[PDB]
């Protein structure tokens, strides 16, 4: 029984779904096909009834989507909340930059110390996305890819007095033992609320509402949440 999900290219490449889908299929017998595109296109496919539900991280676009009746039962999956931490003295002087892309470029061009998780985690993928957007390849001397989790990455950044990008949660749990501060967090790219929204079965009595609602229900119940969190750690 087949469930078609439209989502973003970001999301597809993040690896999130590779973490969820196997368990969901094992649990329910549903097979999810992922079609990844830009946000407007993902939502358009939902508006056009090409897919059974959508997963995006664009609150304004999703608000209109629901308001016009294209989607129903919107649900928040997770709030991705990232911050840039570094030495209190901020030797790259990123503290007052405007965008996180300016922050990355500045760190690279000053060859400041930067610790990457380098472990293909969701956090690691997100860091790599920003480098890709800056058009810089993270090759500078200061750049260190340790191959470790968020906590050890923070410990490394404190030891070497370098910068890193952390989820706020790990930062808060560790700050008491880190010689670092939050130095930058003013960028909408750093905060991403995710929603999963069902295609309105009133608009499309033909779509697989039963399968789509099962996936959504599973995603927000503790079983799905355990896996989502596991991926975010």
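Numbering follows the first chain given and starts at 1.
Mean C-alpha B-factor is higher over 104-112 than over the other stretch, the pair under comparison being 104-112 and 151-159.
As the entry records it, the average C-alpha temperature factor is higher for 187-195, out of 37-45 and 187-195. Going by the entry's values, 14 shows the largest Cα B-factor out of 216, 225, 23, 14. For the set 118, 74, 129, 86, the maximum C-alpha B-factor listed in the entry falls on 129. Residue 60 sits in the middle third of its chain by CA B factor, as recorded in the PDB entry. Sort the chain's modelled residues by C-alpha temperature factor and residue 166 lands in the lowest third, per the entry. The deposited CA B-factor of residue 202 belongs to the highest third of values across its chain. Sort the modelled residues of the chain by CA B factor and residue 52 lands in the lowest third.
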